[PDB]
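Written below as structure tokens is the structure these notes are about.
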Amino acid sequence: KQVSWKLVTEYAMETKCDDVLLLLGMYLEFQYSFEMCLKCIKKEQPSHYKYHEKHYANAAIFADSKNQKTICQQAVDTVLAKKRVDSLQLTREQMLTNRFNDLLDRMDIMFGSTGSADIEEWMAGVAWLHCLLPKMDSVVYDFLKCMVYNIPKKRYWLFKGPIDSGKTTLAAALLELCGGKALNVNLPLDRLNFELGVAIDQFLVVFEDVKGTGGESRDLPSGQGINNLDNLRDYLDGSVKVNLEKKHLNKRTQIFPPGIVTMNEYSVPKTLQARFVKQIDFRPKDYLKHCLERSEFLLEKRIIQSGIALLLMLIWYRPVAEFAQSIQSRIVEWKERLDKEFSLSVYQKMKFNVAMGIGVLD
Amino acid sequence: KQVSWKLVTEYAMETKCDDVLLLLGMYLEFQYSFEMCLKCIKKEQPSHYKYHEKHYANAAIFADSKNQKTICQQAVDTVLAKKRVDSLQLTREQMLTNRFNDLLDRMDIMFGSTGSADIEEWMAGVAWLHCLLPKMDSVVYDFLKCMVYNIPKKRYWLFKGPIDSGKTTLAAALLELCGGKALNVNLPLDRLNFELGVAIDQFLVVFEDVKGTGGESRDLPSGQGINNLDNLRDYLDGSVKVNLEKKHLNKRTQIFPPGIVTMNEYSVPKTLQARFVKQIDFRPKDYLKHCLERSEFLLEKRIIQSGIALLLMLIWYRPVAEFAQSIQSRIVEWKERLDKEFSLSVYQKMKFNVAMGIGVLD
Amino acid sequence: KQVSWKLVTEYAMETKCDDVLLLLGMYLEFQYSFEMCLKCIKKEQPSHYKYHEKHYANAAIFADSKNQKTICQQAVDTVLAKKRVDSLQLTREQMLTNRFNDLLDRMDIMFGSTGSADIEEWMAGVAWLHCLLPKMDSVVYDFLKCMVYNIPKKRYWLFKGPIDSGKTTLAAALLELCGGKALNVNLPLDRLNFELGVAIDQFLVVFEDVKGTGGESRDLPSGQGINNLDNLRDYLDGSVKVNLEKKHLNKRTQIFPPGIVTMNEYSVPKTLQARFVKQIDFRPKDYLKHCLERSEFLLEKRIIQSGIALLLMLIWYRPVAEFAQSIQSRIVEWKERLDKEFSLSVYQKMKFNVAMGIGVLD
Amino acid sequence: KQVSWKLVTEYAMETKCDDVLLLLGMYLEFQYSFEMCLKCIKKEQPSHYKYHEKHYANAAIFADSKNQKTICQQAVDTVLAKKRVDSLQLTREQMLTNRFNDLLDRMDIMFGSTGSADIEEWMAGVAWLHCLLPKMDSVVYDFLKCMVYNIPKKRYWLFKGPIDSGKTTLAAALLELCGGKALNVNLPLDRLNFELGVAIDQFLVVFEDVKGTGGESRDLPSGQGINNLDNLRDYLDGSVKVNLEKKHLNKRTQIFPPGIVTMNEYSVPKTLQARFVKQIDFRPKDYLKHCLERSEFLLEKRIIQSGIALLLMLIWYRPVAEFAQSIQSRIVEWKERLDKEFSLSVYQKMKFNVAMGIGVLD
Amino acid sequence: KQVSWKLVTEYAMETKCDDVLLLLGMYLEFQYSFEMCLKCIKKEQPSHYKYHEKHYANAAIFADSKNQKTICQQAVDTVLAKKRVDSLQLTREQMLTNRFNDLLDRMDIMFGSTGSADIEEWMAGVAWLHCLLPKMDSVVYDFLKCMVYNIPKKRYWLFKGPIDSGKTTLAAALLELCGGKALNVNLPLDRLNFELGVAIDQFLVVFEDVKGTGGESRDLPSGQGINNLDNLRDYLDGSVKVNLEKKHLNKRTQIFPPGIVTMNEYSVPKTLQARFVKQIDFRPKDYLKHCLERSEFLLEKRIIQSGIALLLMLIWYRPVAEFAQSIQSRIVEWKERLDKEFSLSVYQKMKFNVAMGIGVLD
DNA sequence: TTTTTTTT
Ligand SMILES: Nc1ncnc2c1ncn2[C@@H]1O[C@H](COP(=O)(O)OP(=O)(O)OP(=O)(O)O)[C@@H](O)[C@H]1O
Ligand SMILES: Nc1ncnc2c1ncn2[C@@H]1O[C@H](COP(=O)(O)OP(=O)(O)OP(=O)(O)O)[C@@H](O)[C@H]1O
Ligand SMILES: Nc1ncnc2c1ncn2[C@@H]1O[C@H](COP(=O)(O)OP(=O)(O)OP(=O)(O)O)[C@@H](O)[C@H]1O
Ligand SMILES: Nc1ncnc2c1ncn2[C@@H]1O[C@H](COP(=O)(O)OP(=O)(O)OP(=O)(O)O)[C@@H](O)[C@H]1O
Ligand SMILES: Nc1ncnc2c1ncn2[C@@H]1O[C@H](COP(=O)(O)OP(=O)(O)OP(=O)(O)O)[C@@H](O)[C@H]1O
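Chains as they are written, first to last, in PDB author numbering: chain D, 266 to 627; chain C, 266 to 627; chain B, 266 to 627; chain A, 266 to 627; chain F, 266 to 627.
Structure (structure tokens):
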């Protein structure tokens, strides 16, 4: 009896899988008895346990096929085709709206009954992040709209401050929230072409840790990056399309994505200073160090790195109207959860503790 | 029954699509019952909502096919094949006439009942552009004549001026108008081999901000561009066919397109200067800057970059006799719509406002 | 019923096509009723309207087929096979005789009843070329013999002088006449290898403006050209076979064709000097400059650089016995047409006009 | 009603054709009625007229097939396979015995009833050749045996010095005689590692004007040639197998053929120089130029570069005992014809003219 | 009826053929009747005449097949798989035991029914091999222990001493008995890092003459050798797995095999010598060069290079118990064939002919 | 499988 290629493709769509080998392996597992499946019973992975029951029948026939890799190819093509349709047609607002739906799906599992994540510890993260910069929550909302509107010239933000001052931590959480990529531009100029190649179809980019020239008088090690950026004006201003390259692959032409730049106190040419919308100073604050020293579970679980943490901050601080209308229904349910889960006083006690440099919890 | 490969080919032809994945993803959207299609109801994409109902039945059968990518590859071949047939058999004038028809179709949508753009905002951009150079519309017609005739060794125009004097802005508009590609010649002198490969079958090309060398009193970063261009005199001259290459492709051969070179005020080896028909000196101007600062919607919607803006200028300024005969019919209708919309006094008000450096609209 | 692959192959033989996409594109056009076919009614392209009625019945079936690119590939390889058989078995004289029939056929169209070209404008071109050098028509007869005899280490002519001397123009016309290829050697020493692969099965080749070294003493930037050719002596000599790459293909092995090298004046190693059988120096002549400046349809139609103009020059000047015996009938016909179409006095006055730098015509 | 792939393969064997396009082109000629075949009637090519009638019926059925290239690919592979099997099984003396039978069969045609050339002219060539250096036939007989006995690190003779010494002239004739290959050392060593792959299954090889270093006293431009000679010294010595590259097929390892190499009088180290046997740089004899100047049909017909000239010279001079036994029949058969044509006084008269700078005949 | 794919696969295992072209070619020969197969009748090639009669029926049907190359590809895969299994499963001991069995089978063939070799020739070869230093049969055998044992550190000896000493000739000869390869060492380690990877998967390895840094100052031309291996702490030592590259490949890495190094009488820093268990000076000693000046067959038929000569030096001097335990049966029988034909005294005449430079054969 | 890349 015949295999349904359709049922495979539906699984690939719903897992959003795009690796042929990864798709193949997981479908083959469904061939074993669903009714006894140990992986189902232990509820180990949703991509398995949500689906084994449905696909078991087809997986048995799949296991006898001789066309196995061919079936998977057509399935994975369908997922890649969907992405390319989306990329060429969605509004940037709708792109973001999808991305939040994915994070909210993950949170539903994480804080579920089988979920590992301690909603209390993750809210300790938000308390710490909200201390990192004044008006933190508004700053995020401003950055977000800036990426969505993507207005020419008004496109790029500068993070400035000493080593161990948090700028990478915040950048990483934003990049997770938005699904960009990091880039390094300190290379010899000829090398840049495949670096910039990374940007293709990305929503954000982060230029990490740009080195200037001079300031080794202040022990800042010198390098190319500042001068390279001054030479890339059209990519920053983002008014016109540019050509981007990948290894073995034809060039593609597109608007260069908006993004973030991070540095120590190198001297910045006035040319570059005109490019940035906002400069944010990061400074080491001694009380945060002593707090982290007493609340290491933040680092151990990588809480303060995560876009998941920033999304919780937005849900706590921003009005429901500020989110894209379609997801507001989920937002209200999460607001309701958090309102039930914490009094404002217990949350505010954490902020006070962080200001004491004391461990977050008491 | 069975898939009609013919219907898929027709869809590819009508959408003028030449990505196999985009075609695949697009066609798959039609598999759902037409009568409920929210994309149709929301009138989001004409390349969807025109076609769903017609293609529906075959899209459902296609969804079951075991052969899907083969069908799409054949369809994309016919679209690519038509481009090559046209490249060899059309006159350069006919090409331009076709390109204009496409832009005019986009203009029918933009300013159509879907109401999706403001014809007044777009007309403001023409005022700002008609300021950017003396006799601006005459310069466009001369450039168009130059590009249609394609006189050998009289094929290239040189743009120079300081930074911030609009030259890439003007190049971008001409490039969207004609169709073509930009190129970067400041590369290492080997990968030029693949860089120049982008010129294949194009109509224009633009070489962007070619770096000269030395004279650093000019405060100009040095690079390969000028000396490297002087090693490519042949490609400018366009007197004989040349050989062109892409990744994994064996060489095409054809005449290298006509086009534009842009640079800062470096000094030119006159052997290359001998290959430029005409040279245009851009100046920074204050009232442009002040007007533009008070007219930001121009930039926020990329109006002054966009080929539609130049086409609107020609329609306003030029006699109907100057257009190729078949589109004179559409040109007349657009002229009527413009004169209906705008008095000459309104246009003169706008131009005076640009000259006054106030926000254009008053 | 089924597609005839044989009929497709026959059309490819008839058209002497080579791009599988060009073949595919053009054959698809026949699917519409030739009865109505607008292109036929315009009589626009002979490659179409001579064949549409014949191929229509089979094109309708081809339009449905699932194999289309496969059918086309077989036909293209049939044409390529024919070329290889010809290349291995014709005398060089017969090859040229075939090539001349192709030009004569086009000329029968050029000045046919459809008569898109004016024979008087085209004859004006011949006068300008005959003026360009001493004994021009004798020089052309010499060059043809040299290329046909293909005597080893007596195979290459060097053109040199200043810029705008016309050397490229003359090369371009000779190249068109014999149907060679043009090659660049001012290039990366590695990728020369795929570059030279173009010359497989070609009758003739031309190297363009081969850059010398130490040239900038004379205002000429130095380059790879001479530095490359001094290696390739065996390719010039044509005394022994050499082996030729193509991308994704194993090497051919054959004698490298005879040809021409152009340069602006540079120092030549005496080793390389020994391998050019003839030297020609070209000089600017301001009366020619003024004449083209008036008679600019010469440039716009590219008349002065067509091999058709050289063929016409030979027809006017050379005895019929100098032509290969087969074509002598068509030669007598065209001689008679031309002697009828122009007096000697007309041609004499054209020369005086050109000599006097006035526009050619009065 | 079906193609005999066997009959196709027999033609490929009997022609010893080993190019798939060449065979394809060849066989398709047979589809027309051999009855009318102008090539047959003309006795145009033996590869045609011997075979047309035999293969006609099969060729008509082949002309309709849809597998045409696949059929030819299998046929070509049997030819390459046969070469490989002979290549390892046969004695080096046995190889030459086959090669000579090939050339003799050609001479049968050249001087046949078709008689397209005449032994008169060719013997004048022999006179010019045997004149060129002392005792020429003997030193050829030596070089032959050297290549049969193939002593390791003793496999190579060299010629050096003046341009137009004739060293290429001598080399080319030897290569046409043996059926070796020629290769170029002067490319980047990496490219050589692929290029040397052509040496597969060759009795003999040569390399021409390999660019050494120094010799600037003689204005010789230095290069990578000797660098890569100094590299490949195992290939030179043939004391061991080494690997040989191909595209789309495995590289194969075997011992390397013997040969000749030639250069201008560059430097090259004695870690080479000592190896070689019986090297002769030889230098001009001007009166030969003057005979040549008067006997130019030699060069036009490439006679003094044809290996057929050498074979005629050996037939003329050498005892019948000097040759392998089977061919001694045909040796005598030809040696009769030389006597039957020529008195000694003919050859004597020729060598007077040659010695005395007049054209060979009087 | 149909081709047995199985029978074709047997012949590949039988002949150990592993080239698809050779397999195809030889198998096609069997299509004629073995019954009067003249190759069989002449007994020329066992790889033919041993098999023809069995395979004939299958070969006839094979010659009629249309899939022929596909059949052969599978058969060659079989032999390749068979090899790759053994390469992973077996000990160096077992591997070397098989290798002796093969070379002893070549010994059997050489001195076989044909008498194609006369062992006295190889006694003279062995007598020459004996000359170099005392008991060197044992010292070879003891090195071969070091090779099989591959005990860490205890892996490497150094062949010091000048040109033509045979030291590379002998090191190469072991590659017949054992496989392996030699490599250069005289760039800075910088480049040699791209060259070390040819040591991968080698049974054993060899290294060419270590130059001293600036060694021209020591009258031995320069190259950066010693300071490279002064500092490659581990590579010759070989406890744990090393890291390596073949230029433009990847770091598949494992143990660095044991091997030989040589030098042309250069100097040695301590950490270079620490790489070896031994260092020995090799010279082209006076009577030895004189005996080669007087003894020729030992070079002419490559005896001095062949592994067969090394095997016989061991059979002539190593006692049976030292050999591969089952092969010792054959070792006795060859020892018998030695003693059957030579006393040690007649062999001592040869030793003394070498020892006093007079020609060996006597 | 090459090609492109990588090296350069
Ligand atoms: N504002 C801060 N005050 C004190 N300590 C900080 C602060 N921000 C970060 N930290 C400490 O610095 C460590 C590294 O943080 P982070 O990577 O964000 O710093 P950074 O300045 O962006 O570094 P880099 O420039 O190296 O990428 C954190 O794990 C934490 O221990
Ligand atoms: N003539 C002008 N005078 C003043 N400001 C100008 C002028 N033209 C452009 N601008 C401003 O400069 C910005 C950049 O324009 P554009 O990028 O085309 O110029 P450019 O710097 O000269 O270009 P290029 O990249 O070719 O060197 C515009 O978006 C506008 O804000
Ligand atoms: N002898 C001449 N006298 C004056 N003008 C000339 C002459 N020959 C050519 N021209 C002008 O020079 C233009 C370029 O000619 P052409 O490209 O053949 O010259 P070239 O010497 O080969 O140049 P380059 O070195 O730039 O390739 C022609 O189109 C014509 O306008
Ligand atoms: N003995 C000779 N005297 C004069 N000219 C000679 C003599 N031998 C050969 N030549 C000339 O040398 C020309 C080229 O021959 P060939 O290519 O064999 O020489 P070559 O020394 O190998 O040259 P190169 O080093 O330039 O390749 C011949 O066409 C002939 O005219
Ligand atoms: N002891 C010897 N004396 C003289 N000649 C010898 C001796 N041994 C071998 N030969 C001959 O010299 C040739 C070269 O020997 P080989 O290359 O092995 O010496 P080498 O000392 O390793 O030299 P190099 O240091 O130059 O590589 C041998 O193949 C053989 O023909």
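Note that beta-carbon positions come from the ideal geometry of N, C-alpha and C, so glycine has one too.
task: Quick one: give me the first and last residue of the alpha helix (DSSP H) that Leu440/A is part of.
output: Start at 1 with the first residue of the fourth sequence, and residue 440/A comes out as number 175. Run containing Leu440/A: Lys432 to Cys443, per the alpha helix (DSSP H) assignment.
- request: Return helix, strand or coil for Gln544/A, following the three-state DSSP convention.
  value: Taking the fourth sequence and counting its residues from 1, one reaches residue 544/A at position 279. Coil.
query: Can you find a C-beta in chain A that's less than 8 Å from the C-beta of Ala328/B?
result: For this step, residue 328/B is matched to residue 63 along the third sequence. It does not; no Cβ of chain A falls within 8 Å.
- request: Would you mind stating whether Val285/B and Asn323/B have Cβ atoms separated by less than 8 Å?
  value: Residue 285/B sits at position 20 when you count from the first residue of the third sequence. Residue 323/B sits at position 58 when you count from the first residue of the third sequence. Going by C-beta atoms, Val285/B is not nearer than 8 Å to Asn323/B.
- request: Go ahead and label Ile580/B buried or exposed: buried means 16 or more other beta carbons lie within 10 angstroms of its beta carbon, across all protein chains shown.
  value: As a working note, residue 580/B is residue 315 in the third sequence. By the 10 Å Cβ count, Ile580/B comes out buried.
task: Determine the burial state of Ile596/A: buried for a count of at least 16 other Cβ atoms within 10 Å of its Cβ, exposed for fewer.
output: For this step, residue 596/A is matched to residue 331 along the fourth sequence. Around the beta carbon of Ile596/A, 16 or more other beta carbons lie within 10 angstroms, which makes this residue buried.
- prompt: DSSP three-state call for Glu386/A: helix, strand or coil?
  reply: Taking the fourth sequence and counting its residues from 1, the one referred to as residue 386/A is at position 121. In the structure shown, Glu386/A sits in a helix (DSSP, three-state: H, G or I).
task: State the CB to CB distance for the pair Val471/B and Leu423/B, rounded to an integer number of angstroms; the pair is presumed to be in contact (CB under 8 Å).
output: Translated into positions along the third sequence, residue 471/B becomes position 206. Translated into positions along the third sequence, residue 423/B becomes position 158. With a Cβ gap of about 11 Å, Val471/B and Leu423/B do not count as contacting.
query: Regarding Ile491/C and ligand 2, is the C-beta to nearest heavy atom distance less than 7 Å?
result: Counting from 1 along the second sequence, the entry for residue 491/C is found at position 226. Flag unset: Cβ of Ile491/C not near ligand 2.
- request: Using a Cβ-Cβ cut-off of 8 Å, state whether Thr433/B counts as contacting chain A.
  value: As a working mapping, residue 433/B is identified with position 168 in the third sequence. With 8 Å as the cut-off, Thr433/B does not count as an interface residue toward chain A.
field: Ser487/B Cβ short of 7 Å to ligand 1 heavy atom set
entry: Position 222 of the third sequence holds residue 487/B. No - ligand 1 has no heavy atom lying nearer than 7 Å to the Cβ of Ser487/B.
query: Shorter than 8 Å from the beta carbon of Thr362/C to some beta carbon of chain B?
result: In the second sequence, the residue the question calls residue 362/C occupies position 97. No, because no Cβ of chain B sits closer than 8 Å to the Cβ of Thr362/C.
query: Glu606/A: which of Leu553/A, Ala325/A, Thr379/A and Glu386/A sits nearest, CA to CA?
result: Locating residue 606/A in the fourth sequence gives position 341, where the first residue counts as 1. When only C-alpha atoms are compared, the closest one is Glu386/A.
Candidates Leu469/C, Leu557/C, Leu353/C and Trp599/C, of which the one nearest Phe408/C by Cα: Position 143 of the second sequence, counted from the start, is the residue given in the question as residue 408/C. Residue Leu469/C is the option with its Cα nearest to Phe408/C.
message: With a threshold of 8 Å between beta carbons, is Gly524/C in contact with chain D?
response: Your numbering for residue 524/C matches position 259 in the second sequence. Judged by the 8 Å Cβ criterion, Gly524/C is not in contact with chain D.
Closer than 9 Å at the beta carbon, the chain C residues around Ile416/D: Locating residue 416/D in the first sequence gives position 151, counting from the first residue. Neighbourhood of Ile416/D in chain C, by CB distance below 9 Å: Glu561, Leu564 and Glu565, in chain order.
Sequence-distant residues of the same chain with beta carbon closer than 6 Å to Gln296/D, five excluded per side: Here the question's residue 296/D lines up with position 31 in the first sequence. Contacts found: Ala324, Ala325 and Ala328.
- prompt: Hey, how far is the Cα of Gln590/A from the Cα of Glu358/A?
  reply: Residue 590/A sits at position 325 when you count from the first residue of the fourth sequence. Residue 358/A sits at position 93 when you count from the first residue of the fourth sequence. For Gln590/A and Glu358/A, the distance between alpha carbons rounds to 11 Å.
query: How is the beta strand (DSSP E) around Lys425/D delimited, first residue to last?
result: Residue numbering aside, residue 425/D sits at position 160 when the first sequence is read from its first letter. Segment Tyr421 to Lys425, the beta strand (DSSP E) holding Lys425/D.
message: Check whether chain B comes within 8 Å of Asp429/A, counting only Cβ atoms and requiring the distance to be less than that.
response: By 1-based counting over the fourth sequence, the position of residue 429/A is 164. Yes, its Cβ sits closer than 8 Å to a Cβ of chain B.
task: Could you name the residues that DSSP lists as bridge partners for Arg567/D?
output: Here residue 567/D is taken as the residue at index 302 of the first sequence, counted from 1. Looking at the DSSP assignment, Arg567/D forms no beta bridge with any residue, so it has no partner.
task: Compute every distance between the C-beta of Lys506/C and the non-hydrogen atoms of ligand 3, then say whether any falls below 7 Å.
output: The residue given as residue 506/C occupies position 241 in the second sequence. No, since every heavy atom of ligand 3 falls outside the 7 Å radius drawn around the Cβ of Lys506/C.
query: Can you tell me whether DSSP reads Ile525/F as helix, strand or coil?
result: For the purposes of this step, residue 525/F is taken as the residue at position 260 of the fifth sequence. DSSP places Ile525/F in strand when its eight states are reduced to three.
- prompt: DSSP beta-bridge partners for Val470/C?
  reply: For this step, residue 470/C is matched to residue 205 along the second sequence. Answer is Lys446/C and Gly524/C.
query: Going by the beta-carbon positions, is the gap between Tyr276/F and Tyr292/F smaller than 8 Å?
result: What you label residue 276/F is simply residue 11 of the fifth sequence in a count that begins at 1. What you label residue 292/F is simply residue 27 of the fifth sequence in a count that begins at 1. Going by C-beta atoms, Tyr276/F is nearer than 8 Å to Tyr292/F.
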